[PDB]
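Before the rest arrives, take these chains from my complex:
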Amino acid sequence: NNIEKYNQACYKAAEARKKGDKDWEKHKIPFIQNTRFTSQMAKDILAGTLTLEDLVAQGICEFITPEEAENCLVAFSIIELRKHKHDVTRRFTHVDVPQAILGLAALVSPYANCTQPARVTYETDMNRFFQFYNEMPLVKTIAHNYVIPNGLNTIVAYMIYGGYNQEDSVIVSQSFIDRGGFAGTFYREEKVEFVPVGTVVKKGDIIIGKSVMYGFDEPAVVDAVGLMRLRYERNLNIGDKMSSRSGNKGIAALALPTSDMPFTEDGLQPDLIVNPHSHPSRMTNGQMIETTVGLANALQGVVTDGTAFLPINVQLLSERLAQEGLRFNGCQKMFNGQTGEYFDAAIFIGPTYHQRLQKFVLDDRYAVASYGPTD
Amino acid sequence: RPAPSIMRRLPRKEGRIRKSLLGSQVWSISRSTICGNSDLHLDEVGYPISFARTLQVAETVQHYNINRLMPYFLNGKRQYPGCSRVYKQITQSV
Amino acid sequence: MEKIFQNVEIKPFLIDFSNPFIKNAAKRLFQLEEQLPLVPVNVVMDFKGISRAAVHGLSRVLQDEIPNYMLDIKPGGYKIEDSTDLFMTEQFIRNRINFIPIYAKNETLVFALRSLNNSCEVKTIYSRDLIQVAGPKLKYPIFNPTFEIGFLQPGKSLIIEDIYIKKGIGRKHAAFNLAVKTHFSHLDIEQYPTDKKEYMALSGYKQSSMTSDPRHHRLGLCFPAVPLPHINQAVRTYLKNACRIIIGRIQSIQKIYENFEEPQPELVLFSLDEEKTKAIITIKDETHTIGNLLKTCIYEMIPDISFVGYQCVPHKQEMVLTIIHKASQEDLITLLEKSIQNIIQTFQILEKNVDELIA
Amino acid sequence: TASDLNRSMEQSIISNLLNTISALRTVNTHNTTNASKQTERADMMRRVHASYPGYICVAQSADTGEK
Amino acid sequence: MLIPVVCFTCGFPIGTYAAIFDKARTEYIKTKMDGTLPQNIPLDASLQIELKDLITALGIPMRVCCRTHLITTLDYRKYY
């Protein structure tokens, strides 16, 4: 800021008050606090010309530790710094980008500030999954410039369909599973401690390794002979757990053929059917905003940015939907795939990024029968 | 640390009394994830076929039982419903 | 006279080569400057004087439950060798090959994929790389040559020797799906303007779904692959075949019905109340197509029916149709037999109407 | 050159991309868990402290790590 | 690892046009960004270019799912 000039003019104005000038105000000057960051420099950073080291080299930036933080008054965003540009009551030492208060794991979720992870309550190649198909989210955050996204934009319908999606359950479509959605190979090798490579390793069989017994109960295949690698062709199974970027973990409770899934008057049908009762208490409004934005993004064939703390106006997004040709609220006319009758209410359906959590049903199921090893 | 004691086995949550006598590991039991199913009554549970094949129910052959139990015996382990073992009363062997 | 299938419209999805970028890419990647041998076809059909159940059942059959063909690798076809690429696993390639749409007339065709990469760069293997090892020579392609089967890292290879033509129904496996829904509406019922924001949260129809009984429908289905020279003939066969499938299933139910008075595992009819007669029909592996269709005909044939309904529980893999009526067992069967005949005539009329229009 | 050290060292050591990044960027307070005294009001520290903003991510882990 | 042979949601054969679409999209983005024409334009800016008309030219209908899977899907060849 220019407080030294502000103060100096302040003294001069007061002296004129003692005098008969009566124009003391002319000496007073407005206070000014403004960062030296410039729109041009921001462009250079994206172009790669200007780096942080160069920013620190000039007086634009400097590092502040939690100790030195106690000597700093920071404007939470450029909006606040501008709002108090001429305010002498509140002088800021630094200005920060509001996204800085989140890590990559949190920054993955779009429109995070529109949700509270607080109500999202969570407290209390070996074994590695390789998923064939991954796609960039329609509403990407900044985090996806540094991590390769995993998951798929799955058309999700927020509706009550037979009651198989209650209590955080999900109704997947069998065709979506068959086509390769969330499908991959599960790898597990004996490692320390033969058989032909590519051999069906059934339960209770002998696989000599350098470990003959095999009792996993799920057929495997000899991938290699650190040797004796077994690979499983793992698809999406009833009981597998999927979750949206904003928490919202759900278990696949039912799979339906393409003929039984609901469809819109335009032929669009969902991959997932999420129960609307998941939203109210958990308040993942970011999921709804992502769906609304993604509808327009898909229709226009663009990928927009949904990083948290960026300015958001839901009314304008709905108006964008209306311009694109859909309804203002984004709902469509849907038909019951089983009876072919239209729902009396429009159904909110659109893309929503989903990923499968690495906890598989077949891994933890178990059954035993009245005999076996004993202590 | 290397203190194997007769009396050290009794106390604590992992001791004899609390882990062995009060509570026990058991056979003929299954564990799995749960899911919703609107077509199952309140007092019903949907059981996978493979688990129904692993776990068994013991029936004592008798004059009233024989006809109903014959299909299970004939199916064996080839087609569900079937069976896994039979205990002969004369030979006292399974 | 009074064609149930009144108006049809066939509109293939074509590549617009006026666009410079599409034209440049196609001419460079595949030396392609014209429409592909096989193209998707969107068929919009209008039906009049037919129940919604029949039209939706036809749509369901065309989507799946209609026998279709796919390319599958026989066990042991995927040859595991030293040069085999690690990324191009058998599951991935199997999925890709399975879900390629094909239009095959002869099932005794076998294809092989022998691709080797010697260049330093990564090589992409397209569907044109598939070759016909066995079977009668193909006068016309059965699939487009533009699909990306995969890519081989430099110095790697991929050999698959037994790629035969499998048969099935889309319901059991998605690779056998035949039709893609594109439109479904009832021209009988009026509609609100749904841009007004007073009806924005409604379906748009002016009649509640629980009272409306539409009889004039427009149905739109898209078929993935169809030979460009013979679009019209292919649509005839597809539409005709679905009618045949529905007629066959209904005729099996009719066989069960007529075989009453003789022990039948499926049909279980017993008189209750001395005036009513229940009739439960359980058919394994039947779907909503026949259950919904069978409910509608009986309801139309017996307006004063005590009760009729069905339940295709997803975890039972069977269809149970329940019928209760005030009549003797013999009289009830005659009414039900008559109801079945009405569908068969309706779909027989529908089948002939196809030949009149699609031509 | 002594090789017996390697055994103890690797024993001490043992003692997708989002997962890899989160695991490495994680800051484990194990010394404090040892002082938890059987979780005797130990959770009190899992709270968000006013010093965290800008240094320690303030959003919840969401079961991505340990229970 | 590649654009799916068929749309995951419909089964519509978007895989027929996948390679042509990829090449055409690359050319289209290059033409639009020629105003600057570095070696590599920022990804954020690149993805904001509308591809609706480009996709329509190929023949894919105006289906939300098909276009979603066509544009969003990652190509394992580029990332490597």
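Looks like it came in fine. Numbering: from 1, shown residues only, chains lettered A, B, ... in the order given.

contacting residues for whichever residue of chain E sits closest to chain A?
Using Cβ to the nearest Cβ, the single residue of chain E nearest to chain A is residue E:51, 3.5 Å away. Every C-beta, even on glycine, is put in place using the N, C-alpha and C of the backbone. Taking Cβ atoms under 8 Å, 6 or more residues apart in numbering or on different chains as the contact definition, residue E:51 lies against A:301-302, E:25, E:28, E:71.

what do you get for residue A:139?
Taking Cβ under 8 Å, 6+ apart as the criterion, residue A:139 is in contact with A:110-111, A:290, A:293-294, A:297, A:303-306, A:353.

let's see 6 Å
With contact set as Cβ atoms under 6 Å, 6 or more residues apart in numbering or on different chains, residue A:139 has these partners: A:110, A:290, A:293-294, A:306.

Quick check: chain neighbours aside, which residue is closest to it?
Taking Cβ to Cβ, 6 or more residues apart in numbering or on different chains, and ignoring the residues beside it in sequence, residue A:139 has residue A:306 as its nearest neighbour in space, at 3.9 Å.

do the same with residue E:23
On the basis of Cβ to Cβ, 6+ apart, the spatially nearest residue to residue E:23 that is not a chain neighbour turns out to be residue C:25, at 3.7 Å.

about what we covered before: return the distance of the residue of chain E closest to chain A relative to chain D.
According to Cβ to the nearest Cβ, to the nearest Å, residue E:51 stands 27 Å off from chain D.

OK, now which residue of chain D is nearest to chain B?
Each residue of chain D has a distance to chain B, by Cβ to the nearest Cβ, and the smallest belongs to residue D:38, at 12.2 Å.

which residue sits closest to residue D:63, ignoring its sequence neighbours?
Setting aside the residues directly before and after it, residue D:63 is nearest to residue A:122 in space (Cβ to Cβ, 6+ apart), at 3.6 Å.

onto the same structure, chain F please:
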Amino acid sequence: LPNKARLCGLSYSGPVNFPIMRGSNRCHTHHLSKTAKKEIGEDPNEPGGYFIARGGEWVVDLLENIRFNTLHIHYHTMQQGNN
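So, slotting chain F in with the rest:
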């Protein structure tokens, strides 16, 4: 090479005139390139930073500790006895 240690189950420990964290200046992978890492047998996108031993990968997490040369005046008393 790091993959050989992983694939063969051998520890990546260096000669003691000690496990070497991958991506370290002590490891051979230092200053390597994406094309080379693929040729050697590594994933180009992996940032290293974890120890290879016992056939399984191990990564040491950051550990926080009380500051040093600072007087931490803890008012906490002893619960066992108010001594």
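
same question on the contacts of residue E:51, but with chain F included?
Contacts for residue E:51 (Cβ under 6 Å, 6+ apart) come out as A:301, E:71.

what do you get for residue D:54?
Under the criterion of Cβ under 6 Å, 6+ apart, the contact partners of residue D:54 comprise A:100-101.

redo that, cut-off 8 Å
By Cβ under 8 Å, 6+ apart, the contact list for residue D:54 reads A:64, A:69, A:96, A:100-101.

quick one: the helices in chain F?
Counting by DSSP state H, chain F has helices at residues F:2-8, F:34-40.

Does chain A have contacts with the first one?
Yes: judged by Cβ under 8 Å from any Cβ of the partner chain, helix F:2-8 comes into contact with chain A through F:6-8.

and those as JSON lines, adding neighbour count and distance to residue B:93?
Below are the residues of helix F:2-8 next to chain A laid out as JSON lines (neighbours: other Cβ atoms under 10 Å in any protein chain shown; distance: Cβ to Cβ, whole Å):
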{"residue": "F:6", "neighbour count": "19", "distance to residue B:93": "51"}
{"residue": "F:7", "neighbour count": "14", "distance to residue B:93": "50"}
{"residue": "F:8", "neighbour count": "11", "distance to residue B:93": "50"}
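
which of the residues you listed lies closest to residue C:255?
residue F:7 (63.4 Å; Cβ to Cβ).

separation between the closest residue to the closest one other than its chain neighbours and chain B?
Counting by Cβ to Cβ, 6+ apart, residue F:7 lies nearest to residue A:226, which is 5.0 Å off, once chain neighbours are set aside. For residue A:226, the distance to chain B (Cβ to the nearest Cβ) stands at 32 Å.

Quick check: the gap between residue A:226 and chain D.
16 Å.

same check, this time on residue A:369
31 Å.

hang on, that residue packs against residue B:83?
No: counting by Cβ atoms under 8 Å, residue A:369 stays clear of residue B:83, with 12.0 Å between them.

please slot chain G in as well:
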Amino acid sequence: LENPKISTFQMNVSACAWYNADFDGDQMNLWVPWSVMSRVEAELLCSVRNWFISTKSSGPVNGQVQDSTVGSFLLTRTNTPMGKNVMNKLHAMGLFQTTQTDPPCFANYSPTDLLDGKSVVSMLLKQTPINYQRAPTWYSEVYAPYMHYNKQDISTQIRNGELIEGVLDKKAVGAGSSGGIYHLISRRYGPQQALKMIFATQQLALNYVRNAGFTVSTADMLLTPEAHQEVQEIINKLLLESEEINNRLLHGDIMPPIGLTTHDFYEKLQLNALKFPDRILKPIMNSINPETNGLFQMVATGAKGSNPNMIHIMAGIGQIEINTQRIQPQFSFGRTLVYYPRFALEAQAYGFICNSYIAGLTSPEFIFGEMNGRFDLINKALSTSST
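To build on what is shown above, here is chain G added in:
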């Protein structure tokens, strides 16, 4: 489940009340008795029918939840946006085609006849005639000023098994609803009949929703610009009151009562000043349409959510309170966060959020919300551990 693909235990959602379970990855143990004595004991003694009435509280344990509650309300709803809530004979029959019960006789209804949801619910309830009269969760004095209530919906009355009027709601069919219809069915005909009636009513509700589709949209959480102006005016009024108290403190006009220090009295006074006027509900109800708003219907039927939830989503979060107190300064001697001066009088510095979840919180508001959430989670964990 003879389908080889299914590999999970499956139970009716209404059964989760017994086990306190949710389909979020929870696992359960199952063992089949194989000895005659054990089988007899299991079937005659440990049947879940016995656990219908809680031993702890003597009230019901099971009932309709989520989709079943909403569908019961919709089915029994007297008027729909299309018009009167009626269905033809075909759909009335189709409602009962999965209840696994002896279907009722429709021989007296022509195909063109129109039946209301109350009629079909009564048809189902004649198996277990009960008497019941109570106000539903739908009718709330909180909403009465700002919305129109149909006379036939405000009061629920079941007479000898016939639903004379009103809407079945969480108050009537909800899980754990003492005096609900299932409670009376169990008390008069046995716990086993109660479970069967729960299943049948759930099937009716789901079958109805099969046609009267139900959804929640993003536009259901959007305030009309006039409502946004009203909310901003209310927030500004609260801030003005807070600033008046701040001026009082500045001039030293704050006189604490006996027993409270000036600081505690000031904190209590500011906390009371910063509280939503209960008129904040007016702009919310003005913008939303009760007949077709999914979120509002879910909240009002008791199926899920609460009024504070809607207020936070649409109007504004308000004052964050931890241990019934504002954000005590902990960043530094006087500071609460790095973004505020040492001795700040503004309410924004002590945990007042003027934004709404739909509007999007700023960084400090987000930090305060997360502080509150972490507090809640910590309390839950410590409570269970101590118990």
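
and the contacts of residue E:51, now that chain G is in?
Under the criterion of Cβ under 8 Å, 6+ apart, the neighbours of residue E:51 are A:301-302, E:25, E:28, E:71.

and what of residue G:310?
For residue G:310, the contacting residues are G:284, G:295-296, G:299, by Cβ under 8 Å, 6+ apart.

how about the helix or strand encompassing it: buried residues?
When secondary structure is defined using DSSP states H and E, the element that contains residue G:310 is helix G:307-310. Of the residues in helix G:307-310, those buried by neighbour count under the rule 16 or more other Cβ atoms under 10 Å in any protein chain shown are G:309-310.

May I have that helix as PDB, with CA atoms only?
C-alpha atoms of helix G:307-310 as PDB (Å, rounded to 0.1, in the frame of the first residue of the first chain):
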ATOM      1  CA  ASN G 307     -35.900 -27.800   7.900                       C
ATOM      2  CA  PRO G 308     -32.400 -26.600   8.900                       C
ATOM      3  CA  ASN G 309     -31.100 -28.600   6.000                       C
ATOM      4  CA  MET G 310     -33.300 -26.700   3.600                       C
END
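
After it, heading C-terminal, what element do we hit next?
The first helix or strand that comes after helix G:307-310 along the chain, using DSSP H and E, is strand G:318-319.

Do you have the strands of chain D handy? List them.
Read by DSSP state E, chain D holds these strands, from start to end of the chain: D:27-28.

thinking again about what came up before, of the contacts of residue E:51, which is the nearest to residue A:88?
When the contacts of residue E:51 are ranked by distance to residue A:88 (Cβ to Cβ), residue A:302 comes first, at 44.2 Å.

Would you agree the closest one is in contact with residue E:54?
No: at 11.5 Å, residue A:302 and residue E:54 do not qualify as touching, with contact defined as Cβ under 8 Å.

between the two, which one's more packed in?
Higher neighbour count among residue A:302 and residue E:54: residue E:54, with 20 against 16, using other Cβ atoms under 10 Å in any protein chain shown.

Nothing else from me, thank you.
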